[PDB]
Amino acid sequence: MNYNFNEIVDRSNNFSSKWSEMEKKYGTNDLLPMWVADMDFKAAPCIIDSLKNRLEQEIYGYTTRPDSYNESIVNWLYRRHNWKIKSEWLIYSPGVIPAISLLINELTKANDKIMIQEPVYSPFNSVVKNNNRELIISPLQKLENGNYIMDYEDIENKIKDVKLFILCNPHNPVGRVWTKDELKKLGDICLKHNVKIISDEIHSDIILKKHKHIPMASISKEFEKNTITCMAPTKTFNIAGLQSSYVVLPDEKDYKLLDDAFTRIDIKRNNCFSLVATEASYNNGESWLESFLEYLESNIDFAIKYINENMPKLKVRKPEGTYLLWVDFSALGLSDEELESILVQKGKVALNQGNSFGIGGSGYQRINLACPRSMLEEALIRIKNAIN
């Protein structure tokens, strides 16, 4: 199946933050954007048509969540991940960080310790601080072979009095898809220390060849009981603007706490478009997704070949998942400030600064590869210009 991912789709009129909010961040908007994790691709045709059908009803009042909605999510998790859940475990949230934010408030008290692994998605750090909890960072270990693993010894050394661990699986920005054995080793630590895991698995569908997503909660019943899982159609199908995610809570007590938190802030219903797009994506979007992954892996291979051939001082490992590339610029001898400056000023390209991801980010930049080949090539040429 072919969906014309090579097509240029200008988003200058698309009310896109990727294309329109670069001034606050970079000091100008006149840059090639490769930062924000959404895609410069059209949504799957089944999504577009589900929106069309809903639009053409012409009444946009309060929206009910039919059984078919959560059924689509149960069926997806089983057929894609071999993880059987119950529809009764699912809670709607407009996004992952909102859900994690309410969980932190309900599952811990002020100044309780919460652990994350850096470098990681920057909201993980801020959500803990903005809830007045104490952030404990166990940095991932970058091995001398250039790859990242969890630092299990460090996690043990820092685990005392920790109440929650936020796991990123696949891990953004480094692109790790954790193996079952890696997950088992972490989940055993947390079981032993009575630490509940919140697993952010939003990139669960964006997995490259020869890798497989394992939901942490899927590994065993003991892990299931000790893991809360956040997933969404939004990264997979490029529908973050529609606002749809879910939380899987196999423990009733946790379910009740989160449900009651959403009741307290009165955030319960999907918007009318999110509702139909989420079901359409999971029920009909598989073919588009497989095609997208083939296109993505080709972009990834192209970018790494380009960098190794044309920018050999840069260092990059191929990600196992996500569409995000994590590139080490440190051999240039520039400070993070100097590098940010040349990329913006000389390259005229917008990448996510490594240091924004916390410990272990210095010297790196994150590049979004979910864009047409031609745009990716332009981006790489601009980076080449920046550093030469």
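Numbers for residues come from their place in the sequence shown, where the first is 1.
**Message:** Tell me which stretch has the larger mean Cα B-factor in this entry, 89-97 or 154-162.
**Reply:** For C-alpha atoms only, the mean B-factor is higher in 154-162.
**Item:** Stretch exceeding the other in mean C-alpha B-factor - 188-196, 263-271
**Value:** Mean B over CA atoms: larger for 188-196.
**Prompt:** Looking at 230, 311, 206, 300, which has the highest CA B-factor as recorded?
**Reply:** It is 311.
**Request:** Would you mind finding, among 129, 305, 213, 176, the residue with the largest C-alpha temperature factor in the entry?
**Result:** Among 129, 305, 213, 176, the PDB entry lists the largest C-alpha B-factor for 305.
**Item:** Third assignment of residue 76 from its chain's C-alpha B-factors
**Value:** Residue 76: CA B-factor falls in the middle third of its chain.
**Request:** State the tercile, meaning the lowest, middle or highest third, of residue 322 with respect to the CA B-factors recorded for its chain.
**Result:** Ranked within chain, residue 322 CA B lands in the lowest tercile.
**Asked** Sorting the chain's CA B-factors, does residue 354 end up in the lowest, middle or highest third?
**Response** It belongs to the middle third of the chain when residues are ordered by C-alpha B-factor.
**Request:** Taking the chain's C-alpha temperature factors as the reference, tell me which third residue 27 falls into: lowest, middle or highest.
**Result:** Ranked within chain, residue 27 CA B lands in the highest tercile.
**Prompt:** Lowest, middle or highest third: where is residue 369 by Cα B-factor in its chain?
**Reply:** Tercile = lowest for this residue's CA B-factor.
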